[PDB]
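These notes are about the structure you will find just below.
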Amino acid sequence: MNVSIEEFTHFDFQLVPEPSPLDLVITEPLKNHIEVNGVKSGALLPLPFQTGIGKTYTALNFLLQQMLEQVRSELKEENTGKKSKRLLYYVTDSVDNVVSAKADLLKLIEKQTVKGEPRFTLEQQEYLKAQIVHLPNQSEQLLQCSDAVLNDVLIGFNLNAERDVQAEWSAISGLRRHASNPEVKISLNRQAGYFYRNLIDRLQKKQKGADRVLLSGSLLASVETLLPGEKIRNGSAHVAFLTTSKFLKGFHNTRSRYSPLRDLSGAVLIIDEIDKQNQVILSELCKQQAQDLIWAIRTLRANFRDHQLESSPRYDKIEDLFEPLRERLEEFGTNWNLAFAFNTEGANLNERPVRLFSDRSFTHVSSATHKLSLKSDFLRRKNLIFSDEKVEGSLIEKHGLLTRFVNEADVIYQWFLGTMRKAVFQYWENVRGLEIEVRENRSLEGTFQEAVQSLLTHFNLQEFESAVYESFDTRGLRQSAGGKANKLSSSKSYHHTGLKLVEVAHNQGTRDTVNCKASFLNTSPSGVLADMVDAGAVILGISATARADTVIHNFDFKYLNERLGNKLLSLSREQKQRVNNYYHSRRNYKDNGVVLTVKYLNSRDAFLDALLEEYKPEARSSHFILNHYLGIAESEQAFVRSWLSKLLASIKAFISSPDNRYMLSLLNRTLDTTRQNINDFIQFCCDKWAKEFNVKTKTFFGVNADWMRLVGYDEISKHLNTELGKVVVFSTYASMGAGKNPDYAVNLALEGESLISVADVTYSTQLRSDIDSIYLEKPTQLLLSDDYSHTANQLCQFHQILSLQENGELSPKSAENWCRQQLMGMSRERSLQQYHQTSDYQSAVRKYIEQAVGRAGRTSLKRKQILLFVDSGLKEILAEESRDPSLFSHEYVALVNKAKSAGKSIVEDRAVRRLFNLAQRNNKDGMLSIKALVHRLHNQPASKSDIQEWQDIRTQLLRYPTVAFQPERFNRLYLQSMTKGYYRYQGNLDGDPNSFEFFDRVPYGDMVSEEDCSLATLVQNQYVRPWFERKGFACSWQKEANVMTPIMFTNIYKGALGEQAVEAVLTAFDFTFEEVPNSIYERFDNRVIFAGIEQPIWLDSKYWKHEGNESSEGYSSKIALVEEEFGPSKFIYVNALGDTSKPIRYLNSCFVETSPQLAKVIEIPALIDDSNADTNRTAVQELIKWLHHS
DNA sequence: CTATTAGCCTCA
């Protein structure tokens, strides 16, 4: 063997095969994106290819070209530069597809001709083939080695000294030797897995430090054979084939486990059937474990209280990012007094658990009759959760709720889980360049497990290693993006926020205790894909329905377009036309006389009754016949009659047609031994109809994936090409997802003359035909379900409901009602009924029909006639398709055209409903967020972040009141309106948020526009306009379809618009303004100082003459607090745009006029006239005079 | 107080 890299010197890198029209479509947008964006950037190419035209071949050609380019590039640099190789992947969901793709790639490597001459020599082929690895699961991995290989590994490492390992190997080898029956293979697989778990563990244990066994010669080859992932690390190979489940786990090498998700720079991924990966990623997310919310609190509070005294090298600036966590923990623990245990006070009220659910933004649903509160009792020394007094009023509780405690515990846990990523990132930052203690090169992936293990070690929290690994990376990838906070100043969405679920059931072990379980979902598959693209990976997805219009059975492409932007590449019209021309050229139906017939059939009762009476003539009634001989009950009569009649009519219609040989009837249930009576009835009918004509028919029942893997699909192939007749196959929609390629060999002797080829050019390979008659039934339940545990199904259902609400297919009222009904127990029937009223159902049904139709037919030998039978319930759904028919299959368009001819149909646009629902949701979220922020601002001391948030919101609303383009950062402050610049609404901003009406539905409601806020009259002032120009505020409203929500037009805009006006007017007459000293924030406008006078004057401003229900003790409390904290002082109450003809009242602490000398509050009616835009010098003159000795 | 079920890969 002389396989070396240097061999490729004498080989021309200029001859290429003929570029197909399907090839430039992949290379051109990539080049455009490279020249527009940077060299190191991500992308996403949803390629809508079609079955039977070639999708795997093009991807394999692309992979081969990339490998050749890498090999070419590696030779040039040689010595002047050393780095790693590019990584390339091929990921799917099925093992058979993986092995078939690898075999096809290898075969393509062997055989390839340019101008009738082999492209590569034998040594070149060997070198290329020595670069691809395949990584199956561990248990199957152990069953491909040999005795000599594993013996060599054991002897080289000096492991043939313990009797246990050798005994286990001998037992496994013997059991493998004698293993033919199907009930011992499971034990063999389990034993192989458990042996592989310990072996690689020992190999890593020995060599992760001293006494490193050198690898060379044949021992290196043996270790590489046993560990395919070892070849990648050293640099031997840089191409991998694996499944999606393995991709999210990683593969082992001699040092540790390498996770592909954690190092994706300069990598290329190829995923086929990309739309189906949504459910796989959802299952992987939902398979997570739960966690009791009070055991970890105790462990974290007790084991982190005090530590030892040892800094040591390596560690540097790790404790600095942990002190705030302890500060928060102590503050949280010294409020509820969590040291005490938990109990409940109720008179036999623990039969059933109180579930608690939350969305973390604006949705909160509980299944308790009355709200529960938490209290601390100093008598019994225990914390209790109780409903307290049931009497009306009597000092109703307002301190807090259990939901608040749950949310606080959850946010504490999330913050703890999140700080470790930054700590480890800083640790690798100092290690890499700031330490250089050991010469190892490597990246974050190399020194990852050691750091987390050591830290779990330093603070000893080992029982948390599994909890922290799931959500560990360099930065994010599983939690939020951008601002990394759930605030109004950052982009908000469900796809990177998640949900929460908490249950309170009875606690066993100790009867006088309660438990609090929790399940989490930190992200959604769309967010995961977005993070993968952002990290710097080029993703290329191949599928035929990659851009479906559903969020249950597909990715949410509306969210990806608002986060990626220019990195989501799309094709133009010319490229689609070229693809369309290629597909017609390769499959031409407007020639050779190929025709399709489509027929919708209904249900009949005389037909079935006559057939039943002919079946058993000894009986008197059909009801007795069905109740006695068949297994159906009294309830199941109409449904069985309908579907059986439809199937029998379709079968009879097919049998009547002479020139046909194949039939596949897609159904929704499997026809097995459980339905033997119905099978016998169908067989009798088939025999009768075969006798009526002159044909021989053979029927196949119970065709499952198990039947495919036990008997095989080749039985039909032999039966079709040896004996003349007709074949009928019974199967299911889901069954034809694991068994592919339903073809068979042809025979010109047995077949007639109707085998016309459809391709316009000569066709290579063998001769094969496909199905020429199919029966389609209306699909049933399309709500995803999980059968792993009890919590996974509930998590899936809540995720589906939240996604449906977020997309815009559900109003907040309907979503809340559905969540409440599901939380407290629901049946599948009610869930399906609720789901049937949306617009996603029709899209899902249409996608299912298109996928089912497309998979039938992969050859060029089509019969003269093809018959299609469709259920009568699909007419309305298939009659409402209005996309463009450019990439449609030749049979789906026929269905649409036939269904559309049934009269004229009224179609209601989804847009109007989407805009209405989104406006409602935005208004509700704004209301709740503003209320929460205002409540937070009133708890002294006020945080710095809250003040920054408030100021940024006010400044953004002042500067830009109408944005032309869709905002990205300040997202949920605007709503899209049909009219530009103004809109109408109707609601009360004191009650139920989901009771608002918008736009055309109310023509006599309140108005939000520029003419209502009185902007022009204010702007005309000569003392205010220069201020507005200096600060850059808007002097007029632009005309675009993005306006602020009604909540922001009344409680935010008016106040600022008045405040700046009064400040600008008053600042000229020797007045200065300051900021509130953080103690009474939001209770007053500014602080006023002038001429160095005692008792500093506070200012309060309002925009217009607003009367509110504030005559209660709120004003007295405010004035008392100000007087206590600052002594005697003076206060100014100012309005704007009123009447400059009303005198000035002198007020005491209350609003009753008193003596001018003994006065503290000034009520100034107005300063700027609303008629000619004048001002009021007399008012300010009297103001200045009043500040004197009086 | 309505609709009407089959398939899957990985590891503690």
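For the structure tokens, the naming scheme is as follows: chains receive sequential letters (A, B, ...) according to their order of presentation, residues are indexed from 1 within each chain, and ligands are indexed from 1 in presentation order.
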*Running DSSP on the backbone, which parts of segment 314-454 of chain A land in strand (DSSP E), as a list in words?*
residues 342, 343, 344, 354, 355, 356, 357, 358, 364, 365, 366, 373, 374, 375, 376, 377, 382, 383, 384, 385 and 386 of chain A
Using only C-alpha atoms (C1' of nucleotides), which residues sit within 8 Å of segment 3-11 of chain B once same-chain residues fewer than 5 positions away are excluded, as a PDB file with N, CA and C atoms, in the first residue's frame?
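Done, and the output landed in part-v2.pdb:
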```pdb
ATOM      1  N   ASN A 137     -25.203   2.967  16.150  1.00  0.00           N
ATOM      2  CA  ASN A 137     -25.308   2.962  17.599  1.00  0.00           C
ATOM      3  C   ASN A 137     -24.295   1.989  18.206  1.00  0.00           C
ATOM      4  N   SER A 245     -31.117  11.361  15.583  1.00  0.00           N
ATOM      5  CA  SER A 245     -31.018  11.042  17.003  1.00  0.00           C
ATOM      6  C   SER A 245     -29.564  10.993  17.458  1.00  0.00           C
ATOM      7  N   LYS A 246     -28.673  10.483  16.605  1.00  0.00           N
ATOM      8  CA  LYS A 246     -27.256  10.441  16.949  1.00  0.00           C
ATOM      9  C   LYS A 246     -26.613  11.821  16.857  1.00  0.00           C
ATOM     10  N   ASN A 668     -57.214   4.306   6.717  1.00  0.00           N
ATOM     11  CA  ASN A 668     -56.841   4.876   8.002  1.00  0.00           C
ATOM     12  C   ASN A 668     -56.711   3.845   9.113  1.00  0.00           C
ATOM     13  N   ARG A 669     -57.122   2.602   8.877  1.00  0.00           N
ATOM     14  CA  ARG A 669     -57.009   1.522   9.844  1.00  0.00           C
ATOM     15  C   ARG A 669     -56.460   0.283   9.155  1.00  0.00           C
ATOM     16  N   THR A 732     -52.160   1.476   5.086  1.00  0.00           N
ATOM     17  CA  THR A 732     -52.498   2.645   5.884  1.00  0.00           C
ATOM     18  C   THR A 732     -51.615   3.810   5.446  1.00  0.00           C
ATOM     19  N   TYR A 733     -52.067   5.034   5.745  1.00  0.00           N
ATOM     20  CA  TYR A 733     -51.256   6.218   5.468  1.00  0.00           C
ATOM     21  C   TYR A 733     -49.897   6.134   6.151  1.00  0.00           C
ATOM     22  N   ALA A 734     -49.877   5.744   7.427  1.00  0.00           N
ATOM     23  CA  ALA A 734     -48.628   5.698   8.178  1.00  0.00           C
ATOM     24  C   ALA A 734     -47.758   4.510   7.789  1.00  0.00           C
ATOM     25  N   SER A 735     -48.367   3.409   7.340  1.00  0.00           N
ATOM     26  CA  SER A 735     -47.587   2.229   6.978  1.00  0.00           C
ATOM     27  C   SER A 735     -46.676   2.508   5.791  1.00  0.00           C
ATOM     28  N   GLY A 737     -44.746   4.752   5.076  1.00  0.00           N
ATOM     29  CA  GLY A 737     -43.764   5.758   5.424  1.00  0.00           C
ATOM     30  C   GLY A 737     -42.435   5.110   5.745  1.00  0.00           C
ATOM     31  N   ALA A 738     -42.477   3.808   6.028  1.00  0.00           N
ATOM     32  CA  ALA A 738     -41.279   3.018   6.280  1.00  0.00           C
ATOM     33  C   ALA A 738     -40.905   2.117   5.116  1.00  0.00           C
ATOM     34  N   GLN A 781     -57.139  11.994  12.653  1.00  0.00           N
ATOM     35  CA  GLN A 781     -56.499  12.843  13.655  1.00  0.00           C
ATOM     36  C   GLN A 781     -55.102  13.317  13.271  1.00  0.00           C
ATOM     37  N   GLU A 829     -61.676  13.649  21.398  1.00  0.00           N
ATOM     38  CA  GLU A 829     -62.762  14.097  20.535  1.00  0.00           C
ATOM     39  C   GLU A 829     -62.945  15.607  20.627  1.00  0.00           C
ATOM     40  N   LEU A 832     -59.979  17.387  18.956  1.00  0.00           N
ATOM     41  CA  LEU A 832     -60.122  17.382  17.505  1.00  0.00           C
ATOM     42  C   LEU A 832     -61.193  18.367  17.054  1.00  0.00           C
ATOM     43  N   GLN A 833     -62.301  18.451  17.796  1.00  0.00           N
ATOM     44  CA  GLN A 833     -63.349  19.409  17.453  1.00  0.00           C
ATOM     45  C   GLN A 833     -62.836  20.841  17.533  1.00  0.00           C
TER      46      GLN A 833
END
```
*asked:* Taking only C-alpha atoms into account, name the residue in A:858, A:422, A:1106, A:257 that is nearest to residue 476 of chain A.
replied: A:422
*Got a sec: who's within 12 Å of residue 608 of chain A, counting only C-alpha atoms (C1' of nucleotides), leaving out chain neighbours fewer than 6 positions off, as number ranges by chain?*
A: 614-615, 622-623, 626, 638, 640-649, 681-682, 685
Could you please take those selected residues and save N, CA and C atoms as an mmCIF file, in the first residue's frame?
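Dumped everything to selection.cif:
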```cif
data_model
loop_
_atom_site.group_PDB
_atom_site.id
_atom_site.type_symbol
_atom_site.label_atom_id
_atom_site.label_comp_id
_atom_site.auth_asym_id
_atom_site.auth_seq_id
_atom_site.Cartn_x
_atom_site.Cartn_y
_atom_site.Cartn_z
ATOM 1 N N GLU A 614 -77.682 -10.742 0.159
ATOM 2 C CA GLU A 614 -77.169 -11.831 -0.666
ATOM 3 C C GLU A 614 -76.120 -12.651 0.079
ATOM 4 N N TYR A 615 -75.394 -12.027 1.011
ATOM 5 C CA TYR A 615 -74.336 -12.732 1.733
ATOM 6 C C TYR A 615 -74.897 -13.879 2.567
ATOM 7 N N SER A 622 -81.025 -6.972 7.886
ATOM 8 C CA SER A 622 -79.608 -6.625 7.834
ATOM 9 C C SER A 622 -79.069 -6.255 9.209
ATOM 10 N N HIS A 623 -79.915 -5.686 10.072
ATOM 11 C CA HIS A 623 -79.485 -5.352 11.427
ATOM 12 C C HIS A 623 -79.057 -6.603 12.182
ATOM 13 N N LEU A 626 -75.690 -7.905 10.761
ATOM 14 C CA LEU A 626 -74.533 -7.164 11.253
ATOM 15 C C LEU A 626 -74.279 -7.431 12.731
ATOM 16 N N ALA A 638 -73.727 3.537 11.473
ATOM 17 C CA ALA A 638 -73.706 4.459 10.340
ATOM 18 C C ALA A 638 -72.299 4.625 9.775
ATOM 19 N N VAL A 640 -69.616 2.628 9.984
ATOM 20 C CA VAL A 640 -69.153 1.408 9.329
ATOM 21 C C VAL A 640 -69.832 1.248 7.978
ATOM 22 N N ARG A 641 -71.149 1.467 7.936
ATOM 23 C CA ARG A 641 -71.876 1.386 6.673
ATOM 24 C C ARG A 641 -71.284 2.335 5.642
ATOM 25 N N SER A 642 -71.046 3.587 6.037
ATOM 26 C CA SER A 642 -70.562 4.584 5.087
ATOM 27 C C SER A 642 -69.198 4.202 4.525
ATOM 28 N N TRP A 643 -68.231 3.910 5.402
ATOM 29 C CA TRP A 643 -66.881 3.682 4.891
ATOM 30 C C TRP A 643 -66.778 2.343 4.164
ATOM 31 N N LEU A 644 -67.493 1.317 4.641
ATOM 32 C CA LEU A 644 -67.511 0.041 3.936
ATOM 33 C C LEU A 644 -68.143 0.180 2.557
ATOM 34 N N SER A 645 -69.238 0.941 2.452
ATOM 35 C CA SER A 645 -69.871 1.150 1.156
ATOM 36 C C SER A 645 -68.944 1.889 0.204
ATOM 37 N N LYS A 646 -68.249 2.917 0.700
ATOM 38 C CA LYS A 646 -67.309 3.643 -0.151
ATOM 39 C C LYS A 646 -66.211 2.718 -0.667
ATOM 40 N N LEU A 647 -65.621 1.923 0.233
ATOM 41 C CA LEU A 647 -64.544 1.023 -0.172
ATOM 42 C C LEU A 647 -65.035 -0.019 -1.172
ATOM 43 N N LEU A 648 -66.218 -0.591 -0.933
ATOM 44 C CA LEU A 648 -66.737 -1.617 -1.830
ATOM 45 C C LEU A 648 -67.066 -1.041 -3.202
ATOM 46 N N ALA A 649 -67.627 0.172 -3.245
ATOM 47 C CA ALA A 649 -67.899 0.807 -4.530
ATOM 48 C C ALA A 649 -66.610 1.057 -5.299
ATOM 49 N N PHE A 681 -66.146 -10.970 4.552
ATOM 50 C CA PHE A 681 -67.189 -10.332 3.751
ATOM 51 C C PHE A 681 -66.598 -9.703 2.490
ATOM 52 N N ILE A 682 -65.470 -9.003 2.637
ATOM 53 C CA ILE A 682 -64.815 -8.383 1.487
ATOM 54 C C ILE A 682 -64.348 -9.446 0.501
ATOM 55 N N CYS A 685 -67.350 -10.718 -1.458
ATOM 56 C CA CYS A 685 -67.740 -9.752 -2.482
ATOM 57 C C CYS A 685 -66.760 -9.759 -3.649
#
```
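Between atom CA of residue 1160 of chain A and atom CA of residue 1147 of chain A the separation is 6.5 Å.
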*Which neighbours of residue 442 of chain A fall inside 12 Å, counting only C-alpha atoms (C1' of nucleotides), when residues of the same chain fewer than 2 positions from it are skipped, and could you give them as a list in words?*
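Answer for this query is residues 83, 84, 233, 234, 263, 428, 431, 432, 433, 436, 438, 439, 440, 444, 445, 446, 447 and 448 of chain A.
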For the residues selected in the previous step, produce a file with N, CA and C atoms as a PDB file, in the first residue's frame.
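This is the output file again32.pdb:
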```pdb
ATOM      1  N   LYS A  83      -3.988  24.062  10.050  1.00  0.00           N
ATOM      2  CA  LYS A  83      -5.302  24.171  10.667  1.00  0.00           C
ATOM      3  C   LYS A  83      -6.035  22.849  10.467  1.00  0.00           C
ATOM      4  N   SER A  84      -7.298  22.812  10.882  1.00  0.00           N
ATOM      5  CA  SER A  84      -8.114  21.617  10.764  1.00  0.00           C
ATOM      6  C   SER A  84      -8.790  21.571   9.394  1.00  0.00           C
ATOM      7  N   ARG A 233     -10.762  12.738  14.653  1.00  0.00           N
ATOM      8  CA  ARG A 233     -10.030  13.668  15.511  1.00  0.00           C
ATOM      9  C   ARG A 233      -8.615  13.910  15.001  1.00  0.00           C
ATOM     10  N   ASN A 234      -7.895  12.839  14.655  1.00  0.00           N
ATOM     11  CA  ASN A 234      -6.509  13.001  14.227  1.00  0.00           C
ATOM     12  C   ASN A 234      -6.408  13.725  12.890  1.00  0.00           C
ATOM     13  N   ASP A 263     -19.681  22.913  17.711  1.00  0.00           N
ATOM     14  CA  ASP A 263     -18.623  23.447  16.855  1.00  0.00           C
ATOM     15  C   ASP A 263     -19.110  23.294  15.416  1.00  0.00           C
ATOM     16  N   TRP A 428     -12.406  29.250  29.364  1.00  0.00           N
ATOM     17  CA  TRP A 428     -11.683  28.910  28.146  1.00  0.00           C
ATOM     18  C   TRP A 428     -11.005  30.132  27.542  1.00  0.00           C
ATOM     19  N   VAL A 431      -7.727  30.335  29.488  1.00  0.00           N
ATOM     20  CA  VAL A 431      -6.900  29.171  29.171  1.00  0.00           C
ATOM     21  C   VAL A 431      -6.272  29.299  27.785  1.00  0.00           C
ATOM     22  N   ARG A 432      -7.070  29.676  26.779  1.00  0.00           N
ATOM     23  CA  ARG A 432      -6.624  29.567  25.391  1.00  0.00           C
ATOM     24  C   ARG A 432      -5.380  30.410  25.135  1.00  0.00           C
ATOM     25  N   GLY A 433      -5.496  31.724  25.298  1.00  0.00           N
ATOM     26  CA  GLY A 433      -4.388  32.605  24.999  1.00  0.00           C
ATOM     27  C   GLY A 433      -3.773  33.262  26.215  1.00  0.00           C
ATOM     28  N   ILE A 436      -1.795  29.704  28.138  1.00  0.00           N
ATOM     29  CA  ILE A 436      -0.891  28.903  27.308  1.00  0.00           C
ATOM     30  C   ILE A 436       0.055  28.045  28.143  1.00  0.00           C
ATOM     31  N   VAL A 438      -0.078  24.751  28.683  1.00  0.00           N
ATOM     32  CA  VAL A 438       0.207  23.496  27.998  1.00  0.00           C
ATOM     33  C   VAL A 438       0.011  23.699  26.503  1.00  0.00           C
ATOM     34  N   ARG A 439       0.920  23.129  25.713  1.00  0.00           N
ATOM     35  CA  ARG A 439       0.873  23.239  24.256  1.00  0.00           C
ATOM     36  C   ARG A 439      -0.040  22.142  23.722  1.00  0.00           C
ATOM     37  N   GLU A 440      -1.298  22.495  23.452  1.00  0.00           N
ATOM     38  CA  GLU A 440      -2.268  21.542  22.935  1.00  0.00           C
ATOM     39  C   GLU A 440      -3.092  22.063  21.768  1.00  0.00           C
ATOM     40  N   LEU A 444     -12.746  25.215  22.042  1.00  0.00           N
ATOM     41  CA  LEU A 444     -13.670  25.038  23.159  1.00  0.00           C
ATOM     42  C   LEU A 444     -14.173  23.607  23.266  1.00  0.00           C
ATOM     43  N   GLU A 445     -14.293  22.909  22.137  1.00  0.00           N
ATOM     44  CA  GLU A 445     -14.796  21.542  22.173  1.00  0.00           C
ATOM     45  C   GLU A 445     -13.836  20.615  22.908  1.00  0.00           C
ATOM     46  N   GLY A 446     -12.533  20.847  22.769  1.00  0.00           N
ATOM     47  CA  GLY A 446     -11.547  20.006  23.415  1.00  0.00           C
ATOM     48  C   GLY A 446     -11.589  20.066  24.928  1.00  0.00           C
ATOM     49  N   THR A 447     -11.400  21.257  25.487  1.00  0.00           N
ATOM     50  CA  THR A 447     -11.380  21.447  26.938  1.00  0.00           C
ATOM     51  C   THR A 447     -12.743  21.916  27.456  1.00  0.00           C
ATOM     52  N   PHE A 448     -13.762  21.105  27.179  1.00  0.00           N
ATOM     53  CA  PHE A 448     -15.121  21.377  27.631  1.00  0.00           C
ATOM     54  C   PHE A 448     -15.546  20.505  28.804  1.00  0.00           C
TER      55      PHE A 448
END
```
_At a cut-off of 8 Å, using only C-alpha atoms (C1' of nucleotides), what residues contact segment 969-979 of chain A? Leave out same-chain residues fewer than 6 positions from it and give the result as a list in words._
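Residues near the query, excluding close chain neighbours: residues 488, 489, 490, 491, 492, 915, 918, 919, 922, 925, 926, 999, 1041, 1042, 1043, 1044, 1045 and 1048 of chain A.
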_Let's see if you can do this: from backbone DSSP, list all helix (DSSP H, G or I) residues in segment 491-722 of chain A, as JSON, numbers by chain._
{"A": [525, 526, 527, 528, 529, 530, 531, 532, 533, 534, 535, 557, 558, 559, 560, 561, 562, 563, 573, 574, 575, 576, 577, 578, 579, 580, 581, 582, 583, 584, 585, 586, 606, 607, 608, 609, 610, 611, 612, 613, 614, 615, 622, 623, 624, 625, 626, 627, 628, 638, 639, 640, 641, 642, 643, 644, 645, 646, 647, 648, 649, 650, 651, 652, 653, 654, 655, 656, 673, 674, 675, 676, 677, 678, 679, 680, 681, 682, 683, 684, 685, 686, 687, 688, 689, 690, 691, 692, 705, 706, 707, 708, 709, 710, 714, 715, 716, 717, 718, 719, 720, 721, 722]}
*Can you list, as a list in words, every protein, DNA or RNA residue that comes within 7 Å of residue 704 of chain A when you count only C-alpha atoms (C1' of nucleotides), leaving out same-chain residues fewer than 3 positions away?*
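The residues satisfying every condition are residues 707, 708, 731 and 735 of chain A.
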*Quick one: pull the distance between atom CA of residue 456 of chain A and atom CA of residue 469 of chain A, Å, one decimal.*
11.3 Å
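For segment 48-52 of chain A, the set of protein, DNA and RNA residues having any atom at most 7 Å away, when counting only C-alpha atoms (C1' of nucleotides) and skipping those fewer than 4 positions along the same chain, is residues 542, 543, 544, 545, 546 and 858 of chain A.
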Output C-alpha atoms of each residue in that selection to a file, as a compact mmCIF listing (two decimals), in the first residue's frame.
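Once everything was written out, this is part-v8.txt:
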```txt
# COMPACT_ATOMS: atom_id res chain seq x y z
CA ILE A 542 -34.06 18.93 0.42
CA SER A 543 -37.77 18.10 0.36
CA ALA A 544 -40.84 18.39 -1.85
CA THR A 545 -43.10 20.12 0.72
CA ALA A 546 -40.48 22.16 2.58
CA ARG A 858 -41.20 6.77 -9.94
```
*Choose the residue, out of A:1054, A:375, A:205, A:517, that has the smallest atom-to-atom separation from residue 353 of chain A; count only C-alpha atoms.*
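Using only C-alpha atoms, residue 353 of chain A sits closest to A:517.
Proximity of A:785, A:131, A:243, A:173 to residue 93 of chain A, computed with only C-alpha atoms, is greatest for A:243.
Atom to atom, atom CA of residue 630 of chain A and atom CA of residue 618 of chain A stand 15.1 Å apart.
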